[PDB]
Structures are given as C-alpha cells and as structure tokens.
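Enquirer: Protein chains in written order, with full-length UniProt numbering: chain U, 2 to 61; chain P, 2 to 205; chain A, 3 to 22, 30 to 83; chain F, 2 to 148; chain W, 5 to 100; chain Z, 8 to 130.
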Amino acid sequence: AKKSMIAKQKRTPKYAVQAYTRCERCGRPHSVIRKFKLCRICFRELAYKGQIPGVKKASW
Amino acid sequence: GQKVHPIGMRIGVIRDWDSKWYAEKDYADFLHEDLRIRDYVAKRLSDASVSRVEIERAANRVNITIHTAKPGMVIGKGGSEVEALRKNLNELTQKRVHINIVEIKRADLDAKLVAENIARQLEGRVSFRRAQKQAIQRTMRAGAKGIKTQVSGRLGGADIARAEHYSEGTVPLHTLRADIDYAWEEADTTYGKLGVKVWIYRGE
Amino acid sequence: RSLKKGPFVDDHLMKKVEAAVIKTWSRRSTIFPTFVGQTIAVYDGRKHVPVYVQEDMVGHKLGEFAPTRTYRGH
Amino acid sequence: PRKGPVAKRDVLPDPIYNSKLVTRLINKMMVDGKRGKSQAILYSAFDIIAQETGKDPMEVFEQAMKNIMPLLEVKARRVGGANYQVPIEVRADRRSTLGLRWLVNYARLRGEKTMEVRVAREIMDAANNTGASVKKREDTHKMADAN
Amino acid sequence: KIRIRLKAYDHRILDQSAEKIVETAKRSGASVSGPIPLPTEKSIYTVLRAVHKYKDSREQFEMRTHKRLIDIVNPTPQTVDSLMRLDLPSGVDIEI
Amino acid sequence: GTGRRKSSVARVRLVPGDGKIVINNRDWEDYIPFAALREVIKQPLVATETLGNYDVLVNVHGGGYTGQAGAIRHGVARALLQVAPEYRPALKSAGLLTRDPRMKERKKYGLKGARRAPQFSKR
RNA sequence: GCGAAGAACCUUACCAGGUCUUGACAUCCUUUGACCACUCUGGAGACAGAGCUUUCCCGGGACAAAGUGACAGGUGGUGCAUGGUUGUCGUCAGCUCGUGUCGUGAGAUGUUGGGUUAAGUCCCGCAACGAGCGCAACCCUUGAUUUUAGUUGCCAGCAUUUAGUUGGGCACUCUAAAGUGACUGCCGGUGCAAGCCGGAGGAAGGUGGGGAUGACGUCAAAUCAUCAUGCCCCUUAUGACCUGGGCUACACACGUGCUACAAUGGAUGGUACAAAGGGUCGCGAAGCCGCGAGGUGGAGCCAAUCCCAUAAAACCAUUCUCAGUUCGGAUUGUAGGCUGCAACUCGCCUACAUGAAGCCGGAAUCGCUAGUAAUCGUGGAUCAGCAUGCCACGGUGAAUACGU
Ligand SMILES: [Mg+2]
Ligand SMILES: [Mg+2]
Ligand SMILES: [Mg+2]
Ligand SMILES: [Mg+2]
Ligand SMILES: [Mg+2]
Ligand SMILES: [Mg+2]
Ligand SMILES: [Mg+2]
Ligand SMILES: [Mg+2]
Ligand SMILES: [Mg+2]
Ligand SMILES: [Mg+2]
Ligand SMILES: [Mg+2]
Ligand SMILES: [Mg+2]
Ligand SMILES: [Mg+2]
Ligand SMILES: [Mg+2]
Ligand SMILES: [Mg+2]
Ligand SMILES: [Mg+2]
Ligand SMILES: [Mg+2]
Ligand SMILES: [Mg+2]
Ligand SMILES: [Mg+2]
Ligand SMILES: [Mg+2]
Ligand SMILES: [Mg+2]
Ligand SMILES: [Mg+2]
Ligand SMILES: [Mg+2]
Ligand SMILES: [Mg+2]
Ligand SMILES: [Mg+2]
Ligand SMILES: [Mg+2]
Ligand SMILES: [Mg+2]
Ligand SMILES: [Mg+2]
Ligand SMILES: [Mg+2]
Ligand SMILES: [Mg+2]
Ligand SMILES: [Mg+2]
Ligand SMILES: [Mg+2]
Ligand SMILES: [Mg+2]
Ligand SMILES: [Mg+2]
Ligand SMILES: [Mg+2]
Ligand SMILES: [Mg+2]
Ligand SMILES: [Mg+2]
Ligand SMILES: [Mg+2]
Ligand SMILES: [Mg+2]
Ligand SMILES: [Mg+2]
Ligand SMILES: [Mg+2]
Ligand SMILES: [Mg+2]
Ligand SMILES: [Mg+2]
Ligand SMILES: [Mg+2]
Ligand SMILES: [Mg+2]
Ligand SMILES: [Zn+2]
C-alpha cells in the first residue's frame, strides 16, 4: 500500500482540505519544501550533484 | 565518519552548477523538468558515453548541450539521432530543444565514463581486484595526479560483504583548489547491489 | 459552527427525520429543536448506540452521548 | 584548566566614587543581566549609609572590609582514601571574592522590606563589628580553628 | 530615463555583464548612472542529514541573489535602439 | 568621528563651543535618563583636558541604550584625537581608540543556544 | 520535544462495517473516436439509473473510451544477505610509501629518546635520508581601513513641511566588488635552538572570535518505513475503493520543556532604543463597528520605496506593605471570535465568573570559561487552519580556575 496512494495525492479530491503535498520524485509525504517540491532526502541528494542552481553549501 | 561529496562542496567556489537557468516564481515547473529532461537523455543515449548534460533555458526556449566521449555516435554523418532526439526532448519540454554535443578529450578523466569501464566489466562476472587495478594503472598513464577506485558491496559472491579499493599518487581532498572529479554507479549484478566509486585528482 | 452565523445538520439526518427507528450513520449533526421524540442511531466505530433525543439534550453534537473507548476499570 | 594559572579582570571603575570595590559588590548583586536594578540600589544604599552613619559613604563601605575578609579557609584535602578538613590560608582571591559574597549571601538576614536599605544596613552592621556577615566570618574561622 | 535591474546568483557574472552595458551606455550617452549595489538576499535551508533518527545532525545550504540596477539620466534615441540588441550570460536578469 | 560598538553606531561632529553634548536632535539628559552611565562619555574629554570646550553633536542608529554609550564614547575619542595629534598619546592608552570587538554569537544546530546544549542523562 | 519542517477529515500504514477483480495506478493489442464535464433519485459515501452529450488535428499523428490475457499490485518477511545514506570513538592526531641499513625469518628502523605545541606542530640527539593522505594554510562571516558606484539608502552644507516631506548633493553612514592590514614582526630576559615570560605600536597579539572541512578504521551500530535491490510469501487478497473510528485511552514509573512559589515584585498610566527574514494570486494599510478575539474597507507593493510591524526586559510617577496575599495561575460554568463540507471523541484564541498546588524543592544529578551562561522579545520552514518544539536574529550581561 504505497504506489496506490500517489494517485490519491494526484487526483483532485472532493474538498480542498483533503489535498496535501508530497515529494515530486519519491512520493514521500513528510517534509516537502514548497519552493522545490522535493522532500528532504531528494533535495540534498541533488544539491551535491548540482541540479538545483544557486544553492550551495553555506559555511556562513 | 563519512566523507563529504567532493563535488557537493566544490560547487560555486571552483565549479558551477549543472544547470544555468534563472527563474522568478516559475522554478518549480522549470526545476522538475531539469530533472526529467535529463532522464530521457539518460537512457536514449545511454551507450554514447554521456557525462554532463548542462541544461540552460531562456526566453521560452531550452538548450541542453550533451557532452559525450563518443561524439560521432549521437550526431554526425547519420544526422538522425540529433533530429530524432529533437522530437523527444521537445515533445516533453513543449518548446524548442536545441542540443549541441561537446566532444570529450582524455576520456580517462571523466569519472562517470571512467567508472563505467569498471561497472560493465564487473557485471560481466570479472574479478573485483583485477577490474580496478587493470584500469587504475591504465588511467594512471593519462596524467591524473591521483586515483581512488573502490568497489564496495557483497563482493566476490560471498555471503558477507566487504570493501576493496586501490590508489596511486596524490589526491588532496581537504585542499579546496583541487579540480577533483567524482562518480558513483550501480553494478547491478545478478545477485545483488555492489556500486563502485571512482574519483580522479587532476591538473591543479 | 461555533459562530453565531450558522447552524448545520449533516445533509440528510434532518431530511429523514423531517418525514419520520432512525440510523443516521456518521456523527456530528447536533440535535436541533425539531427532533425531540425521534430516537436516532449514531454510529460509534462499531455497533449503533441508541440515544433518544429529549428536550433537554438539544443543541449538543449528536455524537457526545455514545462513548468510543471502553475503559471498565484499570 | 590542567595547564597553569589564569588572571581575572573584574575591572571597570564606577561613575560615582570611582573604585573597584564598588564596581565589585555591584556585579555580585545583579541577577540575569540586571545591572540597572543593582546600580541604583548600590547607590541608594550609600545614600542611607552616608546619612544614618554620618561619615563618608566610601570609608563606611570600606570600614566593613577587615570585618568580613576571611583568614583561614578549611580546605578539603584528600588523605586516606577520603576527604577531610585541612585548614589553609586563603589568598587574595578567596578574600575579596568570599568577602563580598558574604554580604549578599546574607542579604536575607537584614530583615528589611527593600534592598535599598537592606544592603545599607548590613554594611553598617558589619561596620559596627556586629551583625551576621562578621559573625559569618568568625564562624568560618571557628571551624578552621578546630583543625 | 530608463531603469534596468540585474539579479544574478554569482557576483562575477553579473558585475562583468553590467560592466559591458555600462560601457555601451557611455558610447550611446555620456549621462550614465553607473552600476550600483543593493543589499543581497540570503536564504537558508536546514535539511536534516540522517535518513532516520539522530535529530542533531543537519546540513545548511544557502542561495544568494546579488542585485544591481542601472538607469539613464538624459537618454537619446540610441538608448532604445542600442539596448535590446545584447544577449547576456544565462543567469543575468534583465528588466527595463 | 565615527564609533561602533555592538550593533549600534554613532557618528560625531565636534566643534568648539559651550559644552552641551547634544544627541540625535534632542538633549542628552532627555535622551539618557541615568546620567551616571553618561559620565563615561566624558572620558574622551576628561582624559584630555577639553571637558567643556566643544559642543558635541551626535547621530544615533541601532543597538540598545547601553549600546550607544560605548559607541559615542569611542565616536568622539576618534575626533578629539583628530583635532590635535597631541591627544593621541593619552587617548590611545586609556582604551578609547580601541573598538570593542565582542559581538553576539551564531546559534549552532544541535544546541539550544550558541554555546549551551540539551540536558544530559545516562541511564 | 526521537523519523513526524504541522495526527479533526486527508495524511494513516491500524480497527469495524460496506464494496472491486487485467484491478485505482504502467507497457503489449484490437473495435471506437479527442474522452470529459452537467442535472434528477437513492443511499454514509464508495457506486447504480436516466438525458444533452465531449463539435480531434494533419492514410498518418498526440489523448481517450470499451474488449481477454503478459501482467500488474504489496509501508508483507530477512538491515546477521546488500547498494546506499548515516551516526559515535572524534576534528581525537594518527595511517603509510620509496631508496638505504639490521634480522636465516615473519619483521624492525624511519614514526623510539630530551624539550615544545592546539597537533608525528617544531627543534636537538641518533642507521637513516626523504615523501603521500591526515594537522596547519587555501574558503565563509565578524572586528579597522583605500578606491570604485551613489538609489529606493544617507542629509552636513542651503533653505523649505505635521513629518527626509520638496528642490538639491553623494560630505558623513550604509550597501558591495576589487585591495591593505597580524607574521612572535620589533625590544628585554631565558633557551643552543624550538619555544616560553614581559613591553611598544596597532582597530585587532600570540591559530583575534566563530563556521564549513571529519584520515586508517570500530561497533554484524541505525534504517528493506525515502529511493533501489538478492531471496521468500500473498496475487478473487497480506492487493484496491469509502464512511466512521483509533493514532490524543489512564490506576501508575521514567526523559526533555513551559509557568510559578513574590518587594531586584505586582497593579495603573506615560514612555525610549533592535537585528535578521517573508510577501502575487500573496502581504494586506487608513477610516468605520466593536471591552473583546475580530468583521467591513481597500491604499501601497513583483519591494534598500509599500506591507507583515506598536518588540518586550529597561525607565519615570501613584498605589500595594510581607498575607496561599493586590503572587500564582490550573480547573470548571456561561457567553463569544477565526478556518474549514465539519472543531462531539479531538483545534487556536477573547470577556465575565470560578479560583486549586506552590511559600525555593531529599539522597542524587545537568550545562556552561565571555558577549559565555541567565533572562526578555522577533522571524522562517511545514502550514485552509493549529508549536511551551525545531531552525535563525537581536536587547540586558555576570561568577571562579590554587590544582590533577
Ligand atoms: Mg493539511
Ligand atoms: Mg574495513
Ligand atoms: Mg575538493
Ligand atoms: Mg490503566
Ligand atoms: Mg557532521
Ligand atoms: Mg593613532
Ligand atoms: Mg558545545
Ligand atoms: Mg515519536
Ligand atoms: Mg544489509
Ligand atoms: Mg532493529
Ligand atoms: Mg555527540
Ligand atoms: Mg640481510
Ligand atoms: Mg604510529
Ligand atoms: Mg587538533
Ligand atoms: Mg584543515
Ligand atoms: Mg578572519
Ligand atoms: Mg573609502
Ligand atoms: Mg564616494
Ligand atoms: Mg605583547
Ligand atoms: Mg581563529
Ligand atoms: Mg573554528
Ligand atoms: Mg561540525
Ligand atoms: Mg568490522
Ligand atoms: Mg552491519
Ligand atoms: Mg542495539
Ligand atoms: Mg517494515
Ligand atoms: Mg536510490
Ligand atoms: Mg532513485
Ligand atoms: Mg504520538
Ligand atoms: Mg498529541
Ligand atoms: Mg523531568
Ligand atoms: Mg525577585
Ligand atoms: Mg508575572
Ligand atoms: Mg532587516
Ligand atoms: Mg510581553
Ligand atoms: Mg520583566
Ligand atoms: Mg495577580
Ligand atoms: Mg476551581
Ligand atoms: Mg473546577
Ligand atoms: Mg475564593
Ligand atoms: Mg488569583
Ligand atoms: Mg478545583
Ligand atoms: Mg572549551
Ligand atoms: Mg523559505
Ligand atoms: Mg511535536
Ligand atoms: Zn523524495
């Protein structure tokens, strides 16, 4: 009971409240940063390789 | 203690990002495409030794210059795949897709290509120690100041997993001016997962 | 709605009670001043606990009366 | 610190009657960054101690110096697989540090209503060679007298 | 009497690009309001390291936006003609 | 003159005059209630004998009430010295041309505060 | 105060009841063509039944409906089978190689010995002489300063308005690109030297303060529940759809926080000084109705301009006068506001009322060496709504280090 539910995230529900957000590569429900639509683990794994522009490691 | 990704912390100090495309409130649409327009290119031209696909977009038109070690395979006398992939890339990005290949030099310096020389061989049931050492010495002739190939996993068909590697020369990671490459591929053997890791110090 | 600009029953409990035991399935549909004298059956996650809407228990959410956790001593 | 000694600072001469025995006891007064609460109090205590006693507020405040400064601090020396009470001679560190600690640690014993006079009464009380702060000094030397 | 705003992630690419149009502005018109800095936006994303527990290990990325704006004081007909004819490095932001 | 301390900055113009140390388009005793902390501001004018010889104009931005007191002291101590170089041989010794380098500290992840940490219990 | 950077529903993996079979969801094919969307009845909906109906484009092309299967479909098992990704020892100072030399040999020396250091850092002495990954340095931010560009920031010279408002100027600040500056550099003692004790000068003095960076490897350490994968099991159910419910239950024991037990305080009025961030289908001002939480209204803004946004501790006057109180605020009744189809189980807040334990905490135990601890506020991520938690920002600012 996992790949069934991505269709539940995708389809427009009968109430705006039902609708939530999940990662757009691996459908992880928690911790999805809206400026990217990526979960925490997708977001970091692309930043190292460097797909996300602008983002870089912040010493300070 | 686990290392850092020797690319993931060189970005923006000695190396740019694999995508140069500014966006204002439209990043989520552009960024998700800059992760899938790099997947159709990943399988369609899988055997053409493609290393970097730097997507740059501007003015409702996208440019994806694919850098390959076999430049004549993607484009050239046939003149068909470039036109053929112009249909597939544009059928996804819903706009112009201008691709201009870049021809690699000193092929044993691109880590992705260098570790695919040891990722197919290991999948063809060869020796772990021989596979790395036969090519570690091979690329060492090119001019790399260092090397480190490791083949980590349930190596050798055993029931207990262990790590193996090699090296030759200088490869200072903790110096930020090092031009160090890196790659990591999946040796999808018939029995499990064994992914290799390769990286190459270079000129300066 | 705790706001004074509203007072809602589910969609049909009022309709079925309007003509008219009663078994309104879910919950949540506070007994208005038009249902005293018509016993309903508000479901409880299992079984249908029977409650008779009197004049005193008017306004309260229909669910309250049927408990949900069975705790018969420690 | 497992490596040598260190030297301390505690030095900022105060605005009125510039000294470092009055910017100290004004720093051993405050709680959670309340320099302003203490500084006014530590100058109002002088105001009542300069009237009800007559003499100079500074000399009256320093009059209770020799009546609060400890002389022998019973040290906890490790002998025979335990700790005992081996008296020793306190240095200048534990003289003024202890000495000005004795007052404020005994500011619940003046029994007034406000700290403006309570700190003013205790300084005079020790300045009379009486009160509890001097008794506390004599109490410490008493347990140091046994050993 | 125009105003152009530059918004690029790397200060090297934009400040070089602005050093080009500011030169072309001088040829088009002596009265040029040269490049000028504005405070740079910073944002931080404190993503957590471990795939599972160990709540005390995270890793912080950042994303700047270096800004610069160029204007015109008493422009001429060359300004409208000679401005749009340039393409800047991909990343530089143009808005007149 | 110009003097910083903590997050507050004070820029000082010093001209000969009566001696009214004005601050930020208001009288200083209005602007600072506790005059006893305002006497140190006269240290750059009492260590060199120029107490009531110049009227001090000040501009104030940021910090806290004690935050400017350290900056205005420094902010004039770099101007009285510039009036005549004879003032440096004593204004550069009392600790006035020095700029206090202490500032607040970043908060590091895994820690409640900058240097604090959670509470520790073994078992 | 752990995955969970948001458990009313959804998320939800769990229970009860009710429903589907090539399946809700992909690829192979055929007959239809662009399929949908909409109204009426029943139901808790999942779903059934009626109607207009979806007017494709250029034989081909995308997308769809209907017809049997190959198949799908598993947040089902094994982290003592794995990729990964991580943690702790630990930012501890180690792990090695080439040429020589000793040993029959595995091997040793270098890397031991005396000092010194934060450090196999550095020196001296020795059958060793050198070197590589680690330490230090390169990188980021803060502390002084030069040049450049001066607006939307700044306002001295000039006046002008209730107001930096207006002309006007980039002087000062400040913003941000390229540079300077600190290295035991100089002087005294000491040392053979490394270095150690002190002094000038300088914004800054002994790696100035703080980040990023984590060697060889240890724990068969954590995760098959992020993704992927070896092998096994279910495959008209261990798959799939809905409504309700549990995830918040309570006789108790333990971990991390919040608020207090009062006079360095409470109550009332006045009143002053921030830093860092967020805003387009978003921030939402002024006025107006309100004790009230809020509602109506729509100004300005794709922002150094406008908004979120009046910061509180501090301070100045009156009152309280050492009481379970003019402290404390749990608990409960009534009456209300917000979002959302819906606040009963189970959200947040407001008024009146109610007013409980607590009068500085046993043996024991925790954090921190300076802008530190303590204490008072603000912003962001997730987010229709909900944080005493988490990630960041500032204001007030201490005490002691003899010693192992
Ligand atoms: Mg939600
Ligand atoms: Mg190993
Ligand atoms: Mg590197
Ligand atoms: Mg029980
Ligand atoms: Mg780490
Ligand atoms: Mg000087
Ligand atoms: Mg710490
Ligand atoms: Mg938990
Ligand atoms: Mg495993
Ligand atoms: Mg386990
Ligand atoms: Mg730790
Ligand atoms: Mg031999
Ligand atoms: Mg060793
Ligand atoms: Mg070290
Ligand atoms: Mg280092
Ligand atoms: Mg520095
Ligand atoms: Mg300058
Ligand atoms: Mg200038
Ligand atoms: Mg010195
Ligand atoms: Mg340092
Ligand atoms: Mg550091
Ligand atoms: Mg760290
Ligand atoms: Mg092991
Ligand atoms: Mg293991
Ligand atoms: Mg264990
Ligand atoms: Mg599991
Ligand atoms: Mg994966
Ligand atoms: Mg993947
Ligand atoms: Mg829970
Ligand atoms: Mg809860
Ligand atoms: Mg506890
Ligand atoms: Mg108190
Ligand atoms: Mg209170
Ligand atoms: Mg700000
Ligand atoms: Mg408050
Ligand atoms: Mg307070
Ligand atoms: Mg009260
Ligand atoms: Mg009660
Ligand atoms: Mg009650
Ligand atoms: Mg009562
Ligand atoms: Mg009360
Ligand atoms: Mg009660
Ligand atoms: Mg320490
Ligand atoms: Mg954000
Ligand atoms: Mg929580
Ligand atoms: Zn993901």
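Cβ atoms here follow ideal geometry from the backbone N, Cα and C, with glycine treated the same way.
Helix, strand or coil: how does DSSP classify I25(W) here?
Expert: Residue state, collapsed to three classes: helix.
Enquirer: Pull out every residue of the segment 80-96 of chain W whose Cβ sits closer than 7 Å to any Cβ of chain P, in chain order.
Expert: Of all residues in the segment 80-96 of chain W, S94 and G95 have a Cβ within less than 7 Å of some Cβ in chain P.
Enquirer: To the nearest angstrom, report how far apart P14(F) and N28(F) are at their CA atoms.
Expert: 12 Å
Enquirer: Tell me the rounded alpha-carbon separation between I8(W) and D62(Z).
Expert: Computed Cα separation, rounded: 46 Å.
Enquirer: Residues in the same chain with beta-carbon distance under 7 Å from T57(Z), minus the five sequence neighbours each way, listed in chain order, please.
Expert: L87
Enquirer: How should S128(Z) be labelled, buried or exposed, when 16 other C-beta atoms within 10 angstroms of its C-beta is the threshold for buried?
Expert: exposed
Enquirer: In its own chain, which residues sit with a C-beta less than 6 Å from the C-beta of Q151(P), not counting the 5 before and 5 after it?
Expert: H166 and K198.
Enquirer: Would you mind sorting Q40(F) into buried or exposed? The rule is 16 or more other CB atoms within 10 Å of its CB.
Expert: That one is buried.
Enquirer: Tell me the residue span of the alpha helix (DSSP H) that contains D37(Z).
Expert: Counting along the chain, the alpha helix (DSSP H) containing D37(Z) begins and ends at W35 to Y38.
Enquirer: Using a Cβ-Cβ distance under 8 Å, would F41(Z) count as near chain F?
Expert: Interface residue, yes.
Enquirer: Locate the beta strand (DSSP E) running through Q64(W), then write down its first and last residues.
Expert: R62 to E66
Enquirer: Going by DSSP, what residues sit across from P30(U) in a beta bridge?
Expert: The partner list for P30(U) (beta bridge, DSSP) is empty, contrary to what the question assumes.
Enquirer: Measuring CA to CA, which of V90(Z), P96(Z), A76(Z) and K114(Z) is closest to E46(Z)?
Expert: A76(Z)
Enquirer: Please work out which residues of its chain come closer than 6 Å, Cβ to Cβ, to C24(U), disregarding the five sequence neighbours upstream and downstream, and give them in chain order.
Expert: Here the set comprises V33, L39, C40 and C43.
Enquirer: Quick check on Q52(F): buried or exposed, where buried means 16 or more other Cβ atoms within 10 Å of its Cβ?
Expert: exposed
Enquirer: In chain W, which residues lie less than 9 Å from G117(Z) when you measure between Cβ atoms?
Expert: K59, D60, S61 and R62
Enquirer: On the three-state DSSP scale, how would you describe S52(P)?
Expert: Strand at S52(P).
Enquirer: Suppose contacts are defined by Cβ-Cβ distances below 8 Å. Is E124(P) in contact with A43(P) by that definition?
Expert: no
Enquirer: If you reduce the DSSP assignment to three classes, tell me which class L21(Z) lands in.
Expert: strand
Enquirer: Quick check on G37(F) - is its C-beta less than 8 Å from some C-beta in chain Z?
Expert: At least one chain Z Cβ lies under 8 Å of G37(F).
Enquirer: Cβ closer than 9 Å: which chain F residues qualify as neighbours of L104(Z)?
Expert: What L104(Z) touches in chain F: nothing, since even the nearest Cβ is about 18 Å away.
Enquirer: Report yes or no: do the segment 56-66 of chain P and the segment 74-85 of chain P share at least 3 C-beta pairs separated by less than 8 Å?
Expert: no
Enquirer: Per DSSP, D75(W) forms a beta bridge with which residues?
Expert: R7(W) and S37(W)
Enquirer: Round the Cβ separation of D17(P) and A112(P) to the nearest angstrom and send it over; I've been treating them as touching at under 8 Å.
Expert: Actually they do not touch by this definition, with Cβ atoms about 17 Å apart.
Enquirer: Hey, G95(W) and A22(W): beta-carbon distance below 8 Å or not?
Expert: no
Enquirer: Given a limit of 7 Å on CB to CB distance, which residues of the segment 137-151 of chain P reach chain U?
Expert: none
Enquirer: Assuming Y41(P) and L114(P) form a contact by the criterion Cβ under 8 Å, report the distance between their Cβ atoms to the nearest whole angstrom.
Expert: With a Cβ gap of about 20 Å, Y41(P) and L114(P) do not count as contacting.
Enquirer: Which value, in whole angstroms, describes the spacing of the CA atoms of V90(Z) and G8(Z)?
Expert: 10 Å
Enquirer: Going by C-alpha to C-alpha distance, which of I31(A), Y52(A) and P9(A) sits closest to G72(A)?
Expert: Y52(A)
Enquirer: Within this structure, are the beta carbons of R11(Z) and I48(Z) separated by less than 8 Å?
Expert: no
Enquirer: Kindly indicate if chain F contains any beta-carbon less than 8 Å away from that of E112(Z).
Expert: no
Enquirer: So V51(W) packs on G38(W), CB below 8 Å; how close in whole Å?
Expert: About 40 Å separates the two Cβ atoms, so there is no contact after all.
Enquirer: With a threshold of 8 Å between beta carbons, is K21(P) in contact with chain W?
Expert: yes
Enquirer: Considering just the uninterrupted stretch of the alpha helix (DSSP H) at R122(Z), what are its terminal residues?
Expert: Careful: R122(Z) lies outside any alpha helix (DSSP H) and carries neither H nor E.
Enquirer: Below 6 Å CB to CB, which residues in the same chain sit around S20(P) once its five sequence neighbours on both sides are set aside?
Expert: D35 and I56
Enquirer: Please list, in chain order, all residues of the same chain as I48(W) whose beta carbon is under 6 Å from its beta carbon, the five residues on each side excluded.
Expert: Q64 and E66
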